[PDB]
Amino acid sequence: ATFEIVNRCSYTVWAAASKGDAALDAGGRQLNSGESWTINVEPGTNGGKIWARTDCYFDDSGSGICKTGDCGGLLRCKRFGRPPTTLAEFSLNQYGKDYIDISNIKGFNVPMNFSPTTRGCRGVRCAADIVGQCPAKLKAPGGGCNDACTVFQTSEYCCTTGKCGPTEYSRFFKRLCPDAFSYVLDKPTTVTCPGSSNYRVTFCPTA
């Protein structure tokens, strides 16, 4: 599948695409305000994620640090990023269909729109001012709004036992972004798209 990854933000982002134990396509790249990066993700990829990283520094070997979404200090991500990260998530070619959602389960850094560029389904968007409105106990000093699991490390926020319900903190995310996952076991906002559909992830889609 082809993913076009566009930075509509007024600031630089370092985009990332991983499936957790490997990079997707090249894994990461600096995206300046208005730049677009087109990647190819191998069909049948299960549990892929794309995200933005903010306030970053790399050296000439591609090694450094990101204030949000750091994936072990690498420009070219192989592993998932450090919360807070708004997440575009996808499983492709799963019994003939692709699956796409947006998630706030690992917090929120940048507003995003995940939209397929080919026919047969709808996109989703989480573009409210979450970091401005963020509860004080969640607000990250590095920038962004953490998920409760990250901050409080409880069975209830982390859904450790597979039984958990909504919370003051999940409901905050849900109220501002109804079409994004707010906790591990939310009513699903997954969209089913025809297998081998293509897509565009846009950071700061309204601004």
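All residue numbers are counted from 1 along the displayed sequence.
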Q. So which stretch wins on mean C-alpha B-factor, 76 to 84 or 108 to 116?
A. 76 to 84
Q. Out of 182 to 190 and 9 to 17, which stretch has the higher average CA B-factor listed in the record?
A. 182 to 190
Q: Please work out which residue in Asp70, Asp59, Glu156, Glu168 has the highest C-alpha B-factor recorded for this crystal structure.
A: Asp59
(Q) Looking at the C-alpha B-factor values in the deposited entry, which of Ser33, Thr161, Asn146, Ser36 comes out highest? (A) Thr161
Q) Once the chain's modelled residues are ordered by C-alpha B factor and cut into thirds, is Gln133 in the lowest, middle or highest one? A) middle
Q | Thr150, C-alpha B-factor rank within chain (lowest, middle or highest third) | A | lowest
Q: Sort the modelled residues of this chain by their C-alpha B factor and say whether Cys126 lands in the lowest, middle or highest third.
A: middle
Q: Could you look up the Cα B-factor of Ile50 in the entry and say which third of the chain it sits in: lowest, middle or highest?
A: lowest
Q) Would the CA B-factor of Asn93 place it in the lowest, middle or highest third of its chain? A) highest
